[PDB]
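Participant: Chains as they are written, first to last, in the authors' numbering: chain B, 1 to 237; chain A, 1 to 237.
Where is the CB? At the ideal position from N, CA and C, for every residue including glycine.
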Ligand SMILES: *[C@@H]1O[C@H](CO)[C@@H](O[C@@H]2O[C@H](CO)[C@@H](O)[C@H](O)[C@H]2NC(C)=O)[C@H](O[C@H]2O[C@@H](C)[C@@H](O)[C@@H](O)[C@@H]2O)[C@H]1NC(C)=O
Ligand SMILES: *[C@@H]1O[C@H](CO)[C@@H](O[C@H]2O[C@H](CO)[C@@H](O)[C@H](O)[C@H]2NC(C)=O)[C@H](O[C@@H]2O[C@@H](C)[C@@H](O)[C@@H](O)[C@@H]2O)[C@H]1NC(C)=O
Ligand SMILES: *[C@@H]1O[C@H](CO)[C@@H](O[C@@H]2O[C@H](CO)[C@@H](O)[C@H](O)[C@H]2NC(C)=O)[C@H](O)[C@H]1NC(C)=O
Ligand SMILES: *[C@@H]1O[C@H](CO)[C@@H](O[C@H]2O[C@H](CO)[C@@H](O)[C@H](O)[C@H]2NC(C)=O)[C@H](O)[C@H]1NC(C)=O
Ligand SMILES: CO[C@H]1O[C@H](CO)[C@H](O)[C@H](O)[C@H]1O
Ligand SMILES: CO[C@H]1O[C@H](CO)[C@H](O)[C@H](O)[C@H]1O
Ligand SMILES: [Ca+2]
Ligand SMILES: [Ca+2]
Ligand SMILES: [Mn+2]
Ligand SMILES: [Mn+2]
């Protein structure tokens, strides 16, 4: 069974999407993950957007795991370079029917009290204690401390194209980040065994966060906009 | 140990490179692996360019294999589309002090009567027996029949940016191909154990070939230009 969907833009009130927390779809058809009040992003914001139907990434009966490819474009504008922008966005895969975890360096996907499994690709802008220099792309499994990391220079408010491909045969998760206007390319790959970590059915989506209050910097912020999104998955069983 | 070099453009008789067969460096600072007379690519051509010094991909004493990243831009101009362009170019790693193999579908890296091992990434423009639809990026290990292959649409005469990266820890070889003018991105990856196929020291370079006489089509040709090239490898021990 193969599943696919694509959004060249988001129409206000998408019946195909589950917006959670601060996530909204602006009038101009862009999906805003964290709050932006009148052209200016706010600190203390956290939002998620999941595809509304669970996609089966593996089947017990056959043991077969799916291969998938997801491509999307996003933009992160950092108005205030002054103290430190934060926190970044992630494309994640988690069990179905979850809720926004902790904000700040957890991007809304990790809940310190009751942790649930998840595979995520992160585009990190704030250097937390467990973090290497930022910004960096990172591969997260059940945690926010990336198994693999690679730094990237941001195209401030520019467009970024992302290709995340997973080969079930090689168990390789490869992500590419291209900033078309700069012409810069960044790649990162790691071996991930979805069958070990996540359940048969999952929800795929994005989560982003702005600076946490307990950091005190009201300028610990930026936008986390996603312009388009496509995903395709093939379970041979 | 760490080794790295960068070619922003090639100069005539670059001491750092070793040209072989038809390969030459034009006055315009471009590396033409295969012959092109008066702006027209010729058939029956093969050329190689290797970096003058050997690099160490692993050490037997410690058993440490090197991680590396290489980036280059190429341009393939297919003037006569009618018959069928041939054959392509490859980035390849081989034992030191080798000689140009068989042109045509072997790109000049394979010699059927005295085979040497190699790890190469190809950009295949002509479909041989052992081939799937072309053009395609393919990961070749000791053979021209790829282990992994991904189809891609060429930007005829246009520029392509390639990023090849190998992580020793995961043994992942991930390659990215981006056509800037076209805004296209293609990604392919595969687990390759350099240690299991190559010697401690190697040569890195490119190789290209136009249509072989044994095909009669004198139009089985295209250019195989290399605009720039940067390389970096790191061996812990
Ligand atoms: C950052 O955002 C949250 C959510 O907007 C603020 O709190 C309020 O949050 C609680 C949920 O824990 C909710 O029940 C309240 O209705 C909500 N109220 C308002 C007016 O925002 C959070 O902080 C603040 O904490 C609450 C308890 C309230 O005292 C408010 O005045 C205070 O600012 C925000 N923190 C900062 C520092 O902006
Ligand atoms: C090899 O390349 C030639 C140039 O691209 C092709 O020929 C010509 O192209 C078109 C027809 O496809 C004509 O409008 C041009 O006037 C031709 N130009 C020249 C310089 O030859 C050629 O295609 C073929 O050869 C031409 C001359 C005709 O006889 C066609 O029947 C034939 O397809 C191409 N070679 C081959 C073997 O396809
Ligand atoms: C294809 O290419 C080869 C190399 O350019 C041609 O061959 C050569 O001709 C000279 C002069 O006789 C010899 O010294 C070379 O050593 C030859 N090379 C080989 C491999 O035989 C070859 O004839 C060309 N074929 C066609 C049809 O143009
Ligand atoms: C947070 O960012 C602001 C805005 O960039 C910083 O404040 C000021 O910024 C410029 C340089 O400091 C001034 O020229 C601006 O006029 C002024 N902006 C405003 C709205 O007053 C501020 O210093 C930063 N805060 C911290 C803690 O670094
Ligand atoms: C000091 O850290 C805390 O606040 C900053 C804001 O300055 C970041 O949000 C970070 O995620 C959070 O842990
Ligand atoms: C017919 O096959 C032979 O000629 C064609 C050109 O037409 C290619 O060069 C191919 O690699 C070679 O083996
Ligand atoms: Ca962080
Ligand atoms: Ca071929
Ligand atoms: Mn991180
Ligand atoms: Mn091939």
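1. When DSSP labels each residue in this structure, what does residue 230 (chain B) get in the three-state scheme?
2. Give me the subset of the segment 181-215 of chain A whose CB atoms are less than 9 Å from a CB atom of chain B, sorted by chain position.
3. Compute the distance between the beta-carbons of residue 208 (chain A) and residue 42 (chain A), then report whether it is under 8 Å.
4. Can you give, in chain order, each stretch of the alpha helix (DSSP H) that sits fully within the segment 139-198 of chain A and has at least 4 residues?
5. Do residue 112 (chain B) and ligand 1 come close, with the Cβ less than 7 Å from some heavy atom?
6. Buried or exposed: where does residue 119 (chain B) fall if 16 or more other Cβ atoms within 10 Å of its Cβ makes it buried?
7. Could you run through the segment 162-174 of chain A and flag, in chain order, every residue whose CB is less than 8 Å away from some CB of chain B?
8. In the DSSP assignment, what residue or residues form a beta bridge with residue 21 (chain A)?
9. Is the Cβ-Cβ distance between residue 124 (chain B) and residue 138 (chain B) less than 8 Å?
10. Do residue 224 (chain B) and ligand 9 come close, with the Cβ less than 7 Å from some heavy atom?
11. Please go through the same chain and pick out, in chain order, the residues whose beta-carbon is closer than 8 Å to the beta-carbon of residue 15 (chain A), but skip the five residues on each side of it.
12. Between the Cα of residue 229 (chain B) and the Cα atoms of B:141, B:117, B:59, B:163, which residue gives the shortest distance?
13. CB-CB under 6 Å to residue 167 (chain A), same chain, minus the five flanking residues each way: which ones, in chain order?
14. Return no unless some Cβ of chain A is closer than 8 Å to the Cβ of residue 178 (chain B).
15. DSSP state of residue 114 (chain A), grouped into three classes?
16. Spell out the partners DSSP gives residue 92 (chain A) in its beta bridges.
17. Hey, residue 197 (chain B) and residue 142 (chain B) are a contact pair by Cβ (cut 8 Å); roughly how many whole angstroms apart?
18. According to the neighbour-count rule (16 or more other Cβ atoms, all chains shown, within 10 Å of its Cβ), is residue 96 (chain B) buried or exposed?
19. Using DSSP bridges, identify the partner residues of residue 136 (chain A).
20. With 16 as the cutoff for other CB atoms within 10 Å, does residue 58 (chain B) come out buried or exposed?
21. Beta carbon of residue 56 (chain A), beta carbon of residue 18 (chain A): below 8 Å?
22. How about the segment 200-207 of chain B and the segment 182-200 of chain A: do they share at least three Cβ pairs that are nearer than 8 Å?
23. Looking at ligand 5, does it come within less than 7 Å of residue 84 (chain B), judged from the CB to the closest heavy atom?
24. Short check: CB of residue 184 (chain A) to CB of residue 176 (chain A), under 8 Å?
25. Which term fits residue 31 (chain B), buried or exposed, when burial requires 16 or more other beta carbons within 10 angstroms of its beta carbon?
26. Residue 69 (chain A) lies in the beta strand (DSSP E); which residues open and close that run?
27. To which residues of the same chain is residue 25 (chain A) closer than 6 Å at the C-beta, ignoring the five residues directly before and after it?
28. Could you check whether the Cβ of residue 87 (chain A) sits closer than 7 Å to any heavy atom belonging to ligand 6?
29. So, using beta-carbon positions, are residue 220 (chain B) and residue 84 (chain B) closer together than 8 Å?
30. Can you tell me where the beta strand (DSSP E) holding residue 5 (chain A) begins and where it ends?
31. Under a criterion of Cβ closer than 5 Å to any non-hydrogen atom of ligand 7, which residues qualify, in chain order?
32. How big is the Cα-Cα spacing for residue 75 (chain B) and residue 89 (chain B)?
33. Which residue or residues does DSSP assign as beta-bridge partners of residue 38 (chain A)?
Facilitator: Quick answer:
1. Counting from one through the first chain, the residue named residue 230 (chain B) turns up at place 230. The answer is strand: DSSP assigns residue 230 (chain B) an E or B state.
2. 183, 185, 186, 187, 188, 189, 190, 191
3. Position 208 of the second chain, counted from the start, is the residue given in the question as residue 208 (chain A). Position 42 of the second chain, counted from the start, is the residue given in the question as residue 42 (chain A). Cβ distance not < 8 Å, so residue 208 (chain A) and residue 42 (chain A) don't count as in contact.
4. 194-197
5. On the first chain, position 112 is the one that residue 112 (chain B) refers to. Checking the Cβ of residue 112 (chain B) against ligand 1 gives no.
6. Within the first chain, residue 119 (chain B) is the residue found at index 119, counting from 1. By the neighbour-count rule (16 or more Cβ atoms within 10 Å), residue 119 (chain B) is buried.
7. 163, 165, 167, 170, 172, 174
8. Position 21 of the second chain, counted from the start, is the residue given in the question as residue 21 (chain A). Bridge partners of residue 21 (chain A): A:47.
9. By one-based count along the first chain, residue 124 (chain B) stands at place 124. By one-based count along the first chain, residue 138 (chain B) stands at place 138. For residue 124 (chain B) and residue 138 (chain B), yes; Cβs fall inside 8 Å.
10. Taking the first residue of the first chain as position 1, residue 224 (chain B) is located at position 224. No, the Cβ of residue 224 (chain B) stays beyond 7 Å of every heavy atom of ligand 9.
11. Working through the second chain from its first residue, we reach residue 15 (chain A) at position 15. Cβ neighbours of residue 15 (chain A) beyond the five flanking positions: 52.
12. If you number the first chain from 1, residue 229 (chain B) lands on position 229. Out of B:141, B:117, B:59, B:163, B:163 has the C-alpha closest to the C-alpha of residue 229 (chain B).
13. On the second chain, residue 167 (chain A) is found 167 positions in, with the first residue counted as 1. The answer, listed in chain order, is 67.
14. Indexing the first chain from 1 puts residue 178 (chain B) at position 178. Residue 178 (chain B) counts as touching chain A.
15. For the purposes of this step, residue 114 (chain A) is taken as residue 114 along the second chain, with counting starting at 1. Residue 114 (chain A): coil per DSSP, three-state reduction.
16. Within the second chain, the letter at position 92 stands for residue 92 (chain A). BP columns for residue 92 (chain A) point to A:120, A:205.
17. For the purposes of this step, residue 197 (chain B) is identified with residue 197 of the first chain, where counting begins at 1. For the purposes of this step, residue 142 (chain B) is identified with residue 142 of the first chain, where counting begins at 1. Their Cβ separation, rounded to whole angstroms, is 6 Å, which keeps residue 197 (chain B) and residue 142 (chain B) in contact under 8 Å.
18. For the purposes of this step, residue 96 (chain B) is identified with residue 96 of the first chain, where counting begins at 1. Under this definition residue 96 (chain B) is an exposed residue.
19. Residue 136 (chain A) sits at position 136 when you count from the first residue of the second chain. Answer is A:124, A:151, bridged to residue 136 (chain A).
20. Within the first chain, residue 58 (chain B) is the residue found at index 58, counting from 1. Answer is buried; the Cβ neighbour count reaches 16.
21. As a position in the second chain, residue 56 (chain A) is number 56, starting the count at 1. As a position in the second chain, residue 18 (chain A) is number 18, starting the count at 1. No. Outside cutoff.
22. no
23. Stepping through the first chain from its first residue, residue 84 (chain B) is reached at position 84. Yes, since a heavy atom of ligand 5 falls inside the 7 Å radius drawn around the Cβ of residue 84 (chain B).
24. Against the second chain, residue 184 (chain A) aligns to sequence position 184. Against the second chain, residue 176 (chain A) aligns to sequence position 176. No, Cβ-Cβ distance for residue 184 (chain A) and residue 176 (chain A) is not below 8 Å.
25. Translated into the one-based positions of the first chain, residue 31 (chain B) becomes position 31. It is buried - the Cβ of residue 31 (chain B) has at least 16 other Cβ atoms within 10 Å.
26. Numbered from its first residue, the second chain carries residue 69 (chain A) at position 69. Where residue 69 (chain A) is concerned, the enclosing beta strand (DSSP E) stretches over 67-75.
27. Taking the second chain and counting its residues from 1, the one referred to as residue 25 (chain A) is at position 25. Within the same chain, residue 25 (chain A) has close Cβ partners 10, 12, 31.
28. As a working note, residue 87 (chain A) is residue 87 in the second chain. Because some heavy atom of ligand 6 lies under 7 Å away, the Cβ of residue 87 (chain A) counts as near it: yes.
29. Within the first chain, the letter at position 220 stands for residue 220 (chain B). Within the first chain, the letter at position 84 stands for residue 84 (chain B). Cβ distance < 8 Å, so residue 220 (chain B) and residue 84 (chain B) count as in contact.
30. Reading the second chain from its first residue, position 5 is the one you call residue 5 (chain A). Segment 2-7, the beta strand (DSSP E) holding residue 5 (chain A).
31. B:105, B:124, B:126, B:128, B:131
32. Here residue 75 (chain B) refers to the residue found at position 75 when the first chain is read from its first residue. Here residue 89 (chain B) refers to the residue found at position 89 when the first chain is read from its first residue. If you take the alpha carbons of residue 75 (chain B) and residue 89 (chain B), they lie about 10 Å apart.
33. To locate residue 38 (chain A), count along the second chain from 1; it is residue 38. Bridge partners of residue 38 (chain A): none, in fact.
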